[PDB]
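Engineer: Got a file for you: data_14.pdb, PDB, C-alpha atoms.
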```pdb
ATOM      1  CA  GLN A   1       0.000   0.000   0.000
ATOM      2  CA  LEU A   2      -0.933  11.072  -5.203
ATOM      3  CA  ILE A   3      -4.297  12.759  -5.786
ATOM      4  CA  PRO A   4      -6.784  10.375  -7.442
ATOM      5  CA  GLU A   5      -9.517  11.676  -9.709
ATOM      6  CA  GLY A   6     -13.012  12.293  -8.404
ATOM      7  CA  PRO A   7     -14.199  13.802  -5.130
ATOM      8  CA  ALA A   8     -12.512  12.276  -2.107
ATOM      9  CA  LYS A   9     -14.391  11.766   1.139
ATOM     10  CA  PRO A  10     -15.728  15.007   2.663
ATOM     11  CA  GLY A  11     -13.364  16.700   5.076
ATOM     12  CA  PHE A  12     -10.359  15.377   3.134
ATOM     13  CA  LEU A  13      -8.336  17.978   1.253
ATOM     14  CA  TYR A  14      -4.843  18.732  -0.001
ATOM     15  CA  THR A  15      -2.908  21.885   0.867
ATOM     16  CA  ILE A  16       0.507  23.080  -0.285
ATOM     17  CA  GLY A  17       3.045  25.155   1.582
ATOM     18  CA  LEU A  18       6.697  25.959   2.043
ATOM     19  CA  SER A  19       8.264  23.720   4.670
ATOM     20  CA  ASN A  20      10.606  24.689   7.482
ATOM     21  CA  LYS A  21      13.358  24.297   4.856
ATOM     22  CA  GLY A  22      11.467  26.604   2.483
ATOM     23  CA  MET A  23      10.756  23.908  -0.093
ATOM     24  CA  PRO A  24       7.162  23.457  -1.296
ATOM     25  CA  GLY A  25       5.402  20.395   0.054
ATOM     26  CA  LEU A  26       1.966  18.877  -0.364
ATOM     27  CA  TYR A  27       0.066  17.708   2.715
ATOM     28  CA  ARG A  28      -3.312  16.001   2.940
ATOM     29  CA  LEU A  29      -5.648  16.948   5.772
ATOM     30  CA  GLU A  30      -8.320  14.503   6.939
ATOM     31  CA  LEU A  31     -11.197  15.463   9.228
ATOM     32  CA  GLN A  32     -13.395  12.972  11.078
ATOM     33  CA  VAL A  33     -16.643  14.397  12.461
ATOM     34  CA  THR A  34     -18.610  12.654  15.207
ATOM     35  CA  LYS A  35     -21.412  13.744  17.507
ATOM     36  CA  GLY A  36     -19.731  15.554  20.376
ATOM     37  CA  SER A  37     -19.161  18.766  22.334
ATOM     38  CA  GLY A  38     -17.154  20.864  19.871
ATOM     39  CA  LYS A  39     -13.822  19.310  20.844
ATOM     40  CA  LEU A  40     -10.835  19.704  18.524
ATOM     41  CA  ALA A  41      -8.299  16.884  18.191
ATOM     42  CA  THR A  42      -5.089  17.123  16.168
ATOM     43  CA  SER A  43      -2.604  14.590  14.829
ATOM     44  CA  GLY A  44       0.208  14.335  12.304
ATOM     45  CA  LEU A  45       1.190  17.980  12.827
ATOM     46  CA  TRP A  46       4.878  16.996  13.231
ATOM     47  CA  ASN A  47       4.287  18.080  16.866
ATOM     48  CA  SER A  48       4.804  21.622  15.543
ATOM     49  CA  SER A  49       3.328  24.279  17.829
ATOM     50  CA  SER A  50       2.893  26.775  14.981
ATOM     51  CA  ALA A  51       0.565  24.500  13.002
ATOM     52  CA  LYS A  52      -1.280  23.582  16.205
ATOM     53  CA  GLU A  53      -1.984  27.240  16.951
ATOM     54  CA  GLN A  54      -2.892  27.931  13.316
ATOM     55  CA  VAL A  55      -5.542  25.205  13.508
ATOM     56  CA  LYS A  56      -6.688  26.598  16.858
ATOM     57  CA  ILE A  57      -7.262  30.074  15.376
ATOM     58  CA  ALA A  58      -9.010  28.467  12.411
ATOM     59  CA  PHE A  59     -11.416  26.564  14.658
ATOM     60  CA  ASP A  60     -11.991  29.712  16.720
ATOM     61  CA  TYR A  61     -13.012  31.550  13.548
ATOM     62  CA  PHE A  62     -15.139  28.568  12.502
ATOM     63  CA  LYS A  63     -17.042  28.696  15.790
ATOM     64  CA  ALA A  64     -17.359  32.476  15.498
ATOM     65  CA  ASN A  65     -18.540  32.365  11.862
ATOM     66  CA  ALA A  66     -20.434  29.055  11.760
ATOM     67  CA  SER A  67     -23.853  30.383  10.749
ATOM     68  CA  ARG A  68     -22.544  32.216   7.672
ATOM     69  CA  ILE A  69     -21.043  29.064   6.125
ATOM     70  CA  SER A  70     -22.947  26.063   7.513
ATOM     71  CA  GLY A  71     -26.392  27.642   7.138
ATOM     72  CA  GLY A  72     -27.501  26.356  10.526
ATOM     73  CA  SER A  73     -25.249  23.460  11.526
ATOM     74  CA  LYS A  74     -23.933  23.709  15.093
ATOM     75  CA  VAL A  75     -20.177  23.205  15.436
ATOM     76  CA  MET A  76     -20.474  22.744  19.208
ATOM     77  CA  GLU A  77     -22.622  19.623  18.671
ATOM     78  CA  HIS A  78     -19.843  17.746  16.830
ATOM     79  CA  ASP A  79     -16.283  16.785  17.722
ATOM     80  CA  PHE A  80     -13.631  17.000  15.009
ATOM     81  CA  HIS A  81     -10.364  15.066  14.646
ATOM     82  CA  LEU A  82      -7.930  16.469  12.077
ATOM     83  CA  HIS A  83      -4.870  14.562  10.861
ATOM     84  CA  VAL A  84      -1.972  15.554   8.594
ATOM     85  CA  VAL A  85      -0.265  13.196   6.131
ATOM     86  CA  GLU A  86       2.714  14.384   4.094
ATOM     87  CA  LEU A  87       2.807  13.237   0.462
ATOM     88  CA  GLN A  88       6.323  14.332  -0.560
ATOM     89  CA  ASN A  89       8.563  13.852   2.566
ATOM     90  CA  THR A  90       9.494  17.532   2.253
ATOM     91  CA  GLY A  91       9.126  18.527   5.908
ATOM     92  CA  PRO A  92       6.815  20.100   8.477
ATOM     93  CA  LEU A  93       4.238  22.741   7.589
TER
ATOM     94  CA  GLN B   1     -58.455  48.612   8.444
ATOM     95  CA  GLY B   2     -56.224  49.996  11.166
ATOM     96  CA  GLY B   3     -55.072  53.533  11.871
ATOM     97  CA  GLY B   4     -52.532  53.958  14.609
ATOM     98  CA  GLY B   5     -51.578  50.624  16.160
ATOM     99  CA  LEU B   6     -48.166  51.291  14.669
ATOM    100  CA  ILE B   7     -46.573  47.925  15.501
ATOM    101  CA  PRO B   8     -49.058  45.267  16.678
ATOM    102  CA  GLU B   9     -48.088  42.876  19.436
ATOM    103  CA  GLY B  10     -47.306  39.329  18.369
ATOM    104  CA  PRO B  11     -45.301  37.754  15.553
ATOM    105  CA  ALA B  12     -45.646  39.473  12.197
ATOM    106  CA  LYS B  13     -45.828  37.544   8.948
ATOM    107  CA  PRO B  14     -42.481  36.807   7.257
ATOM    108  CA  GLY B  15     -41.268  39.549   4.945
ATOM    109  CA  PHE B  16     -42.910  42.351   6.949
ATOM    110  CA  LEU B  17     -40.777  44.535   9.195
ATOM    111  CA  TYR B  18     -40.680  48.022  10.685
ATOM    112  CA  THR B  19     -37.906  50.612  10.500
ATOM    113  CA  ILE B  20     -37.345  54.207  11.585
ATOM    114  CA  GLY B  21     -35.645  56.669   9.278
ATOM    115  CA  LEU B  22     -34.838  60.288   8.588
ATOM    116  CA  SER B  23     -37.229  61.499   5.900
ATOM    117  CA  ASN B  24     -36.815  64.407   3.497
ATOM    118  CA  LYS B  25     -37.965  66.758   6.285
ATOM    119  CA  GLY B  26     -35.357  65.467   8.743
ATOM    120  CA  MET B  27     -37.816  64.367  11.412
ATOM    121  CA  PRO B  28     -37.672  60.668  12.377
ATOM    122  CA  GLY B  29     -40.532  58.621  10.990
ATOM    123  CA  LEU B  30     -41.697  55.029  11.082
ATOM    124  CA  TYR B  31     -42.015  52.938   7.923
ATOM    125  CA  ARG B  32     -43.170  49.388   7.243
ATOM    126  CA  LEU B  33     -41.396  47.282   4.636
ATOM    127  CA  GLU B  34     -43.537  44.564   3.048
ATOM    128  CA  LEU B  35     -41.907  41.920   0.856
ATOM    129  CA  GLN B  36     -43.964  39.683  -1.429
ATOM    130  CA  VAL B  37     -42.024  36.631  -2.624
ATOM    131  CA  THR B  38     -43.252  34.536  -5.544
ATOM    132  CA  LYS B  39     -41.711  32.064  -7.961
ATOM    133  CA  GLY B  40     -39.747  33.909 -10.626
ATOM    134  CA  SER B  41     -36.339  34.800 -12.066
ATOM    135  CA  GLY B  42     -34.923  36.992  -9.295
ATOM    136  CA  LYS B  43     -36.574  40.191 -10.518
ATOM    137  CA  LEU B  44     -36.971  43.022  -8.007
ATOM    138  CA  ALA B  45     -40.052  45.258  -8.101
ATOM    139  CA  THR B  46     -40.693  48.397  -6.046
ATOM    140  CA  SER B  47     -43.705  50.325  -4.788
ATOM    141  CA  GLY B  48     -44.487  53.012  -2.241
ATOM    142  CA  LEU B  49     -41.122  54.790  -2.531
ATOM    143  CA  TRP B  50     -42.617  58.213  -3.417
ATOM    144  CA  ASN B  51     -40.735  57.787  -6.722
ATOM    145  CA  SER B  52     -37.549  58.779  -4.881
ATOM    146  CA  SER B  53     -34.543  58.055  -7.098
ATOM    147  CA  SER B  54     -32.139  57.793  -4.155
ATOM    148  CA  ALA B  55     -34.515  55.356  -2.448
ATOM    149  CA  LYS B  56     -34.637  53.215  -5.594
ATOM    150  CA  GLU B  57     -30.836  53.255  -5.745
ATOM    151  CA  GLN B  58     -30.801  52.137  -2.103
ATOM    152  CA  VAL B  59     -33.180  49.283  -2.950
ATOM    153  CA  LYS B  60     -30.960  48.273  -5.871
ATOM    154  CA  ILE B  61     -27.857  48.340  -3.646
ATOM    155  CA  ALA B  62     -29.589  46.215  -1.014
ATOM    156  CA  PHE B  63     -30.786  43.657  -3.558
ATOM    157  CA  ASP B  64     -27.335  43.527  -5.158
ATOM    158  CA  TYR B  65     -25.821  42.790  -1.747
ATOM    159  CA  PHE B  66     -28.514  40.151  -1.216
ATOM    160  CA  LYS B  67     -27.646  38.507  -4.539
ATOM    161  CA  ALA B  68     -23.919  38.592  -3.780
ATOM    162  CA  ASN B  69     -24.458  37.269  -0.239
ATOM    163  CA  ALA B  70     -27.377  34.866  -0.731
ATOM    164  CA  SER B  71     -25.260  31.855   0.247
ATOM    165  CA  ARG B  72     -23.899  33.491   3.410
ATOM    166  CA  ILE B  73     -27.463  34.140   4.623
ATOM    167  CA  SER B  74     -29.827  31.443   3.315
ATOM    168  CA  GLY B  75     -27.390  28.527   3.047
ATOM    169  CA  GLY B  76     -29.000  27.010  -0.031
ATOM    170  CA  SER B  77     -32.050  29.048  -1.031
ATOM    171  CA  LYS B  78     -31.796  30.316  -4.613
ATOM    172  CA  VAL B  79     -32.644  33.986  -5.155
ATOM    173  CA  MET B  80     -32.438  33.472  -8.931
ATOM    174  CA  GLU B  81     -35.581  31.299  -8.785
ATOM    175  CA  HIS B  82     -37.849  33.773  -6.935
ATOM    176  CA  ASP B  83     -39.069  37.300  -7.649
ATOM    177  CA  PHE B  84     -39.518  39.857  -4.869
ATOM    178  CA  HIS B  85     -41.708  42.964  -4.572
ATOM    179  CA  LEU B  86     -40.884  45.546  -1.908
ATOM    180  CA  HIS B  87     -43.591  47.958  -0.771
ATOM    181  CA  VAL B  88     -42.887  50.912   1.523
ATOM    182  CA  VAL B  89     -45.735  52.028   3.795
ATOM    183  CA  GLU B  90     -45.403  55.324   5.642
ATOM    184  CA  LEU B  91     -47.286  55.265   8.942
ATOM    185  CA  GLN B  92     -46.460  58.709  10.377
ATOM    186  CA  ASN B  93     -46.399  60.762   7.130
ATOM    187  CA  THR B  94     -43.006  62.405   7.658
ATOM    188  CA  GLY B  95     -41.886  62.167   4.029
ATOM    189  CA  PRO B  96     -39.970  59.812   1.740
ATOM    190  CA  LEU B  97     -37.091  57.884   3.291
TER
END
```
For the structure just supplied, provide its representation as structure tokens.
Structural biologist:
Amino acid sequence: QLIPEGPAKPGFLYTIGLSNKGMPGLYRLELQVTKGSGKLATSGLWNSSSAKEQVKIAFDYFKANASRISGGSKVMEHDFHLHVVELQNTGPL
Amino acid sequence: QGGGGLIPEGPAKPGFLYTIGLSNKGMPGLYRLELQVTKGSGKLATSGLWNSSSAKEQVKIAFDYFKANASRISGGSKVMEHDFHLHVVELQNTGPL
């Protein structure tokens, strides 16, 4: 057992960014959503505090601006687990 | 009909609201905005504006913002498939808003 055709499972995306070494790298982010209390779980972040805090600010904005995007879905009623998988062994994002 | 009873107690029907504005004479006045929504092509129709050109420009600006921000508000309702008519009712007779 990089990006297959067709829509992947929802919550799964690919982002690109310069690594700690400045080289571009492609990472795939996977989100699992269950019924919960708005908890945020993180994994695969290369234990990097910067990415952890970036995701924290993002989820803060998501809670603050949920009604504009979701059209009524409550973020606080679901728990989210987000994981990072590097596709090109370039380095941490 | 009524007369006085400016804002009745209880829930109004959807599309009807009340605002307060500075008319052409500068004295604050109450107005009622009534929106009639039917199946259509997103066309906007106006009535009760005292033929004020600035008021019609305001209506056009508001409907343009509604079209640009339909997704951020309705979350799936299509404005392009429904026509709206806005009627302005002046309940204190201060002047056009």
Engineer: For segment 3-14 of chain A, please output as a count of residues only all residues within 9 Å (counting only C-alpha atoms; exclusion window: fewer than 2 positions along the same chain).
Structural biologist: 10
Engineer: Counting all atoms listed in the file, which residues in chain B sit no more than 10 Å from chain A? For each one, give the nearest pair of atoms and the distance in Å, sorted by chain then residue number, as a Markdown table.
Structural biologist:
```
| residue | atom | partner | partner_atom | distance |
| --- | --- | --- | --- | --- |
| B:69 | CA | A:68 | CA | 9.6 |
| B:71 | CA | A:69 | CA | 7.8 |
| B:72 | CA | A:68 | CA | 4.7 |
| B:73 | CA | A:68 | CA | 6.1 |
| B:74 | CA | A:71 | CA | 6.4 |
| B:75 | CA | A:71 | CA | 4.3 |
| B:76 | CA | A:71 | CA | 7.7 |
```
Engineer: Decode the PyMOL selection byres ((chain A and resi 23) around 12) for the given file into explicit residues and return them as number ranges by chain.
Structural biologist: A: 16-22, 24-26, 88-93
Engineer: Show me, as a ChimeraX atom specification, the residues that have an atom within 9 Å of residue 63 of chain A when counting only C-alpha atoms, minus same-chain residues fewer than 5 positions from it.
Structural biologist: /A:38,58,74-76
Engineer: Write out as JSON, numbers by chain which residues come within 9 Å of residue 18 of chain B when counting all atoms listed in the file, dropping same-chain ones fewer than 5 positions away.
Structural biologist: {"B": [7, 30, 31, 32, 33, 34]}
Engineer: With distances taken over only C-alpha atoms, which of B:37, B:91, B:80, B:97 is nearest to residue 59 of chain B?
Structural biologist: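 Under the stated criterion, the closest residue is B:97.
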Engineer: Please, what distance in Å, to one decimal, runs between atom CA of residue 90 of chain B and atom CA of residue 42 of chain B?
Structural biologist: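 A separation of 25.9 Å between them.
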Engineer: Using only C-alpha atoms, determine which residues lie at most 10 Å from residue 22 of chain B, disregarding the query and same-chain residues fewer than 2 positions distant; provide the list as a PyMOL selection string.
Structural biologist: chain B and resi 20+24-30+94-97
Engineer: Please determine, counting all atoms listed in the file, which residue among B:70, B:40, B:2, B:35 has the shortest atom-to-atom distance to residue 16 of chain B.
Structural biologist: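 Closest to residue 16 of chain B, using all atoms listed in the file: B:35.
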Engineer: Which residues, written as a list in words, have at least one atom at most 10 Å from residue 59 of chain A, with all atoms listed in the file counted and residues fewer than 5 positions away on the same chain left out?
Structural biologist: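 Using all atoms listed in the file, the neighbours found are residues 38, 39, 40, 53, 54, 64, 65, 66, 75 and 80 of chain A.
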Engineer: In Å, rounded to a single decimal, give me how far atom CA of residue 55 of chain B is from atom CA of residue 6 of chain B.
Structural biologist: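 Those two atoms sit 22.3 Å apart.
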Engineer: Between atom CA of residue 46 of chain B and atom CA of residue 89 of chain B, what is the spacing in Å?
Structural biologist: 11.6 Å
Engineer: Which residue out of B:81, B:66, B:88, B:36 has the minimum interatomic distance to residue 52 of chain B when all atoms listed in the file are used?
Structural biologist: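 Of B:81, B:66, B:88, B:36, the one nearest residue 52 of chain B is B:88, counting all atoms listed in the file.
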Engineer: With all atoms listed in the file as the basis for distance, which of B:53, B:58, B:47, B:19 is at the shortest distance from residue 86 of chain B?
Structural biologist: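 Result for the nearest residue to residue 86 of chain B: B:47.
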Engineer: To test the calculation: enclose all listed atoms of segment 23-41 of chain B in a box whose edges run along x, y and z, add 3 Å on each side, then state centre and edge lengths in Å to one decimal, as JSON.
Structural biologist:
```
{"center_x": -39.7, "center_y": 49.4, "center_z": 0.2, "size_x": 14.6, "size_y": 40.7, "size_z": 30.4}
```
